[PDB]
Each structure stands twice: as C-alpha cells, then as structure tokens.
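Read through the structure below, which is laid out as structure tokens, and then see the notes.
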Amino acid sequence: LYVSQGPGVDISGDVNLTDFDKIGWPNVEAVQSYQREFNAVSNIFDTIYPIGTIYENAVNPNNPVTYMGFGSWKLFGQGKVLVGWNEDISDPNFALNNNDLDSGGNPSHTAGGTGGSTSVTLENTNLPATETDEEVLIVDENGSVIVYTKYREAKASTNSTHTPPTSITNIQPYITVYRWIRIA
Amino acid sequence: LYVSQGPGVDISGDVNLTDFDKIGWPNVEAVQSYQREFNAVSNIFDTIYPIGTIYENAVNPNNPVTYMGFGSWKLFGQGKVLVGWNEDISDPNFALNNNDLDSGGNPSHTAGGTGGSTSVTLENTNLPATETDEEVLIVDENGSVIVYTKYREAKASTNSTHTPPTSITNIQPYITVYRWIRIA
Amino acid sequence: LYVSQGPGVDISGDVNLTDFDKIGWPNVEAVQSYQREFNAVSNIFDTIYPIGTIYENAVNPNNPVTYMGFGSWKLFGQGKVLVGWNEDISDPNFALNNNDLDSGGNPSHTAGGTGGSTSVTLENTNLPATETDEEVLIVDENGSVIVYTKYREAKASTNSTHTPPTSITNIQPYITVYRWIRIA
Ligand SMILES: O=[P-]([O-])[O-]
Ligand SMILES: [Br-]
C-alpha cells in the first residue's frame, strides 16, 4: 500500500532569506500563509528541513544537496558553538542580536547574535587582592619603624616582563562537525 | 508512481513526557512497543522527529508547527550549549543529572544535567605561587640582617582595592539559534 | 491521494564509514554516484538522515532505531560540544583534524578535530605584571638608601603553598542531550 498525502497543512510561519551572502536578520522575510500538500517527496522534505534549518554531519564534507537530493545549503557557524536563543530579553549574551542593530545601535531580539573568545589574556584588573606571605618593610608616613648593597624605596614588581602574559584557553571539550543552514 | 508504506516498524523505545512545564527526567515515561505503519505523512514525521527531538533553525522565530505542520514544540536550552551525554559515569560534568536526584540527593545517569558559567571571577585560591622580581627586606626571626618616612613591618598588599576584581568571559565563540524540543 | 515518488535524485556525494569502532576520517570513503528512487519510506529516511547525520534527543535514552525504525546509530561526541568545522584553514582550532594526521604528522582539513578543556589551572606564565600597593625597601646595587627580629634579603613569596592552585571552570552554560551519529 501507499503513503497517503493526508490533509494538507497551513504553513503560516515560514520565512525566506533576502541576503544569501551575509545570512540572518535583518535580511529575513515572513512568507504569507500557504497550503502545503504532500504531492511528492520534495514537499515532505520541505516540512522536515524548512528554510533556516541547521543540519550537521560528522563526516560527509559535501554539500547536503549532493547526498539528500533537495534544498540549497551553506556552511553555518564555522568555528562556533550554537547557543539557544533566549526569549528572556534580560539574558546579556544570548537574547539580543549584535549583528542586527537599529538606527540607535540597539540590537534586535532575534537569533543570530555572536560573541565569545577562544582565549583570555589576564590583565591586572582581573586579579584579586593578594599579600606577601611574610612581613616586609613598607614605607609608611604613619610608621613607627625607623630605618653590600644599598636599597631603593619603590613598589616591588612581580612578573614585570609579562607584557603580555601567556593566554589561557577558553574552549571547552569539542568535536567539529560539518554544519549547514538551508538557505532556499 | 507512489511511495510504498513499506513494512511497518516496531517502535519499542519511544518515550512520552509527563510534565510539559519543567521538562525532562524524572518526568519521562517509556511507551510500550507498538507498530508504526506509514499510513500518511504524519507517521513519517513521527519517525523523523520523535518526541524529544531537538530541532534548530537559525532565522525562523516561529513555533515549528507553523512551518512544518506537525508536532508540539517548546523552546529548549535557552542560553545553553548542548553537550553530549556521556554513557561513562565517571564523567564529572556530563553523565549525571543534577536536575534529577533520588531521595539521597544522588543524580540519575540521564541526559538533562545542567551547569557552567558565563564568566569567572578569580579568587586568591586560584592564583599560583609568585615572588617579587627583586629581593626585598623580609622579617625573619632566623634572619641575619639587622635593621623622610618611617616604615612599618607588615605583609605588603597588591591590588587591595580589587574586591572583587573584574570578571573574565567564560564563553567560547558562538552564534545563537532558535532551538526547540518536540514535546508531543 | 498518495505521495508521488517524484523524480529520483542523483546521490553523488554520499559517504560510508570504514571503521565503526573509532569513527571518522581517515576511515571514510566516498560512494560512487547512484540514483535514489523513493520507493518506500526507508528511502525517504535515507534522504533525511544520511550516513554521518547527527541526531539529538533531550530525553529518550534508547538507540534511535528503536523509536525511528531505521538506521544504525552510535553515541557521538560524548562530553563534547559541537563546533562548526571551518573551511578557512587558518582557523587554529576548528579547521584541521588532529585525529587524522599524515605521515609527517600534519592534520587533514576535515571535520572531527577535537580539543578543549573542562578547567584551567593558572600558572605564573599566565599572570600579568603587578606591583605592591605601597613602596617597600628593595635591594639595589644602584640604590641610594643605606640600611625584635632580624631580616633577610630575599624575593618575597605570595601564595607559596598554592602548588597547585585551585582550578577554574572552563565550561559555559550547558544542558546535556543524547547525541547520536548514523553510522550505516
Ligand atoms: O598578585 P599576584 O602578582 O601574585
Ligand atoms: Br569556556
């Protein structure tokens, strides 16, 4: 026996891209509602992998059309992890899209925000207060202690040659995959 | 010609949710084995996107039912990266689910554990041993050195006003996407 | 009415694995072009979830064949985040595959590279230059200052017992999921 088309479905929330070079908001448009009938496999494919879908393959380097048969696809998020967009606008990282600013420079509440860093290089502002393990002689106008080499009165450096210091990884355990977006 | 239904399949490993507010273990139940016949497109959809499936779209903000036609969907992992659950129980981060504790407080060996942080603020306990670049005069009961301003004998602070210091990012390069779970 | 098979598709970019134990390049082979006709649901499944596809389920612990009906599947990227492979070979982390080296030790430009760390432990090389908040007496052959306890002339330690210091998390906010690769 054969697969029934079933009742068609009202596709009311589709989108299309309006830029295929730089991908994402603001260059996305809503598609007016239309009926999808499952006339053929291509229509099923469109219901499974609508425009914007992210697809990942661990090993196949080729464009997905060559091994799926359908869709137009582009590499997506190269060098990036995916973070879930947050509907809570107070999220300071994952709600507001720095790549889609309004005329006042204000980011939209859309997916496609980017950020993060592969390493960090510590600066003095990042260091907590510390003290020497032992007492030393400290210059003090309110002090009570009266004082082969001579000495100088100066702030004592530590790590003066670390300009800059060695960076530290900021990357958690990963594996890379071929990641694609369906663009049309 | 038409797509054959094929031999049906024995779906022996399906699950359903028993809480749609707080999602995940422990509120998941096994479904007794049943036969799936591919009578219509909806049945194909259920084989591709079974309950629990994670779906991601870079650009479409809408609920996937509105552009797929099928399923019930909820945003998932907002503000989070996905980590692969580890079948090796000795993984200290990614095996045991802190959100699903037994009566003794012990986490289950299930997916849905959460953790991680967007930043770190260094504390003194995180700092390695250091020393001054030059010699200074250090108080020492076993010492041999006899000793406009006076001085005081005290531990010398560094960065005393860094209470707290500036935090450091803990986020690696990302892009946000609309991420969903099929809940029914 | 019934779903049409449609015109078949030329699958020119499929791959197969040649090792199911250790997964990935170099043990991947190209499949010569073949025609896929959508004779049955299984053929549709192969177009949606070709070999190498990554599938994620938040809650279902079982092997996907038991709840999809099709494919052979293995857990993938346990304990890992997925990063998009970079077609730009200059990416120092996410382009070149450390798990697939040539005879000179040079990594291939393929997905499957791994790296990253769950924590960092700071070392002295990572620290920026600092100085004491106040002036102290510093040994100086070019100095002009002539100098209950005695003293010693020595470099003053800080945090001498931090051998090693407390590690710091390197994990950004996450949730774990059951992640699988279709291996056949
Ligand atoms: O304050 P840090 O130089 O040990
Ligand atoms: Br990190």
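Labels for the structure tokens follow display order: chains A, B, ..., residues from 1 in each chain, ligands from 1.
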
Check: Quick one: residues within 9 Å of residue 51 of chain C, only C-alpha atoms counted, chain neighbours fewer than 4 positions away excluded, as number ranges by chain?
Finding: A: 57-60; C: 14-17, 46, 71-72, 181-184

Margin query: 9 Å from ligand 1 is the threshold here; counting only C-alpha atoms and all ligand atoms, which polymer residues fall inside it? Answer as a PyMOL selection string.
Written below: (chain A and resi 124+127-132+157-159) or (chain B and resi 124+127-132+157-159) or (chain C and resi 124+127-132+157-159)

Next item on the list: All residues within 8 Å of ligand 2 are required, counting only C-alpha atoms and all ligand atoms; please report them as a list in words.
Entry: residues 118, 169, 170, 171 and 172 of chain A; 118, 169, 170, 171 and 172 of chain B; 118, 169, 170, 171 and 172 of chain C

Checklist line | Within 6 Å of chain A: residues of chain C, using only C-alpha atoms, as number ranges by chain | finding: C: 1-6, 9, 11-14, 47, 52-54, 80-86, 94, 111-118, 125-132, 134-141, 143, 145-146, 157-158, 170-171

Next item on the list: Using DSSP on the backbone coordinates, identify all residues within segment 4-122 of chain A classified as strand (DSSP E or B); present the result as a ChimeraX atom specification.
Entry: /A:4,9-11,15-17,28-30,34-36,40,53-57,73-75,78,81-84,97-101,107-108,114-115,119-120

Output for the residues just chosen: N, CA, C and O atoms as a compact mmCIF listing (two decimals), in the first residue's frame:
```
# COMPACT_ATOMS: atom_id res chain seq x y z
N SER A 4 -0.44 7.93 2.19
CA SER A 4 -1.39 8.99 1.90
C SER A 4 -0.78 10.36 2.05
O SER A 4 0.02 10.59 3.00
N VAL A 9 -1.44 20.97 5.15
CA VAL A 9 -1.18 21.78 6.32
C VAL A 9 -1.04 23.23 5.93
O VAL A 9 -0.53 23.58 4.86
N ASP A 10 -1.54 24.07 6.82
CA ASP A 10 -1.42 25.53 6.64
C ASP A 10 -0.06 25.97 7.19
O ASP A 10 0.18 25.99 8.39
N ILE A 11 0.83 26.33 6.31
CA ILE A 11 2.17 26.83 6.63
C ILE A 11 2.03 28.34 6.78
O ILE A 11 2.02 29.11 5.78
N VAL A 15 9.61 31.44 6.57
CA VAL A 15 10.43 32.61 6.26
C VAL A 15 11.27 32.29 5.04
O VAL A 15 11.54 31.14 4.72
N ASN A 16 11.73 33.40 4.39
CA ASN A 16 12.74 33.33 3.36
C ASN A 16 13.84 34.33 3.69
O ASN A 16 13.63 35.32 4.34
N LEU A 17 15.03 33.99 3.20
CA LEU A 17 16.14 34.92 3.28
C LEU A 17 16.10 35.94 2.16
O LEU A 17 15.71 35.63 1.06
N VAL A 28 15.66 38.77 6.49
CA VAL A 28 14.72 37.63 6.59
C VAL A 28 13.35 38.22 6.40
O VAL A 28 13.06 39.31 6.91
N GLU A 29 12.48 37.51 5.68
CA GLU A 29 11.11 37.99 5.48
C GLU A 29 10.13 36.86 5.78
O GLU A 29 10.36 35.71 5.48
N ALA A 30 8.99 37.29 6.33
CA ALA A 30 7.89 36.36 6.55
C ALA A 30 7.24 36.00 5.20
O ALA A 30 7.19 36.82 4.29
N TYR A 34 0.39 29.73 3.37
CA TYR A 34 0.05 28.94 2.21
C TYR A 34 -0.21 27.51 2.63
O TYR A 34 0.23 27.04 3.67
N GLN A 35 -0.97 26.82 1.77
CA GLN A 35 -1.23 25.39 1.99
C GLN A 35 -0.15 24.54 1.40
O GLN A 35 0.20 24.72 0.25
N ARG A 36 0.41 23.62 2.20
CA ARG A 36 1.30 22.62 1.70
C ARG A 36 0.53 21.32 1.60
O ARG A 36 0.00 20.83 2.58
N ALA A 40 4.53 15.17 -3.35
CA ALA A 40 5.72 14.39 -3.68
C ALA A 40 6.69 14.47 -2.51
O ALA A 40 6.53 15.25 -1.56
N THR A 53 16.77 25.68 8.62
CA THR A 53 17.14 24.50 9.39
C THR A 53 18.64 24.34 9.44
O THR A 53 19.32 24.47 8.43
N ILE A 54 19.12 23.99 10.64
CA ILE A 54 20.51 23.61 10.82
C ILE A 54 20.66 22.10 10.74
O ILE A 54 19.93 21.38 11.42
N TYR A 55 21.57 21.65 9.89
CA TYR A 55 21.86 20.26 9.66
C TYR A 55 23.33 20.02 9.93
O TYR A 55 24.17 20.82 9.51
N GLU A 56 23.68 18.93 10.61
CA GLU A 56 25.06 18.61 10.92
C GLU A 56 25.37 17.18 10.52
O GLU A 56 24.61 16.25 10.80
N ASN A 57 26.57 16.99 9.95
CA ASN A 57 27.06 15.69 9.56
C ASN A 57 28.48 15.61 10.07
O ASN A 57 29.31 16.50 9.85
N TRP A 73 21.99 24.78 0.42
CA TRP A 73 22.64 24.73 1.70
C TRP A 73 23.94 25.49 1.70
O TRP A 73 24.68 25.45 0.71
N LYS A 74 24.28 26.08 2.83
CA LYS A 74 25.51 26.84 3.03
C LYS A 74 26.13 26.48 4.37
O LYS A 74 25.39 26.25 5.33
N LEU A 75 27.44 26.49 4.47
CA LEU A 75 28.06 26.23 5.77
C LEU A 75 27.60 27.28 6.75
O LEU A 75 27.47 28.47 6.39
N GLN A 78 30.67 28.47 11.24
CA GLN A 78 32.03 27.94 11.22
C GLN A 78 32.82 28.50 12.38
O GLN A 78 32.87 29.73 12.59
N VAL A 81 30.20 27.39 18.41
CA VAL A 81 29.17 26.59 19.05
C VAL A 81 27.83 27.24 18.86
O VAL A 81 27.75 28.47 18.72
N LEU A 82 26.75 26.45 18.87
CA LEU A 82 25.41 27.01 18.85
C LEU A 82 24.91 27.18 20.28
O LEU A 82 25.00 26.26 21.10
N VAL A 83 24.36 28.34 20.57
CA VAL A 83 23.68 28.60 21.84
C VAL A 83 22.23 28.82 21.56
O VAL A 83 21.85 29.46 20.60
N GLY A 84 21.37 28.27 22.43
CA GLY A 84 19.95 28.52 22.27
C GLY A 84 19.61 29.96 22.50
O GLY A 84 19.94 30.55 23.54
N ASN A 97 20.61 40.56 19.39
CA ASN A 97 21.45 40.29 18.24
C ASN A 97 22.32 41.50 17.88
O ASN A 97 21.87 42.45 17.25
N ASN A 98 23.58 41.42 18.28
CA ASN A 98 24.59 42.44 17.95
C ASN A 98 24.82 42.62 16.48
O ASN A 98 25.44 43.62 16.10
N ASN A 99 24.40 41.68 15.65
CA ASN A 99 24.53 41.76 14.20
C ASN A 99 23.33 42.39 13.51
O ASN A 99 23.35 42.50 12.29
N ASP A 100 22.34 42.84 14.29
CA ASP A 100 21.15 43.43 13.71
C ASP A 100 20.71 44.57 14.61
O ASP A 100 19.86 44.46 15.47
N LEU A 101 21.35 45.73 14.37
CA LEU A 101 21.13 46.92 15.15
C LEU A 101 20.20 47.91 14.44
O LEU A 101 20.22 48.02 13.23
N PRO A 107 20.23 46.39 19.56
CA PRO A 107 20.10 45.06 18.92
C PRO A 107 18.69 44.52 18.99
O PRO A 107 17.95 44.70 19.92
N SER A 108 18.33 43.78 17.93
CA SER A 108 17.03 43.14 17.90
C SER A 108 16.97 41.90 18.78
O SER A 108 17.97 41.25 19.05
N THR A 114 26.25 36.93 17.99
CA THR A 114 27.54 36.25 18.06
C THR A 114 28.36 36.88 19.14
O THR A 114 28.21 38.05 19.49
N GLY A 115 29.38 36.15 19.60
CA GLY A 115 30.32 36.62 20.59
C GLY A 115 31.23 35.50 21.00
O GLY A 115 31.31 34.48 20.34
N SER A 119 40.34 32.45 23.66
CA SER A 119 41.33 32.51 24.76
C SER A 119 41.05 33.77 25.54
O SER A 119 40.35 34.67 25.09
N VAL A 120 41.69 33.85 26.71
CA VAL A 120 41.71 35.04 27.51
C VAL A 120 43.16 35.32 27.89
O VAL A 120 43.96 34.42 28.11
```

Next item on the list: Would you return as a ChimeraX atom specification the members of segment 16-136 of chain A that DSSP assigns to helix (DSSP H, G or I) on this structure's backbone?
Entry: /A:41-48,65-68,124-126

Check: Do you have the atom CA of residue 90 of chain B-atom CA of residue 26 of chain C distance handy?
Finding: 29.0 Å
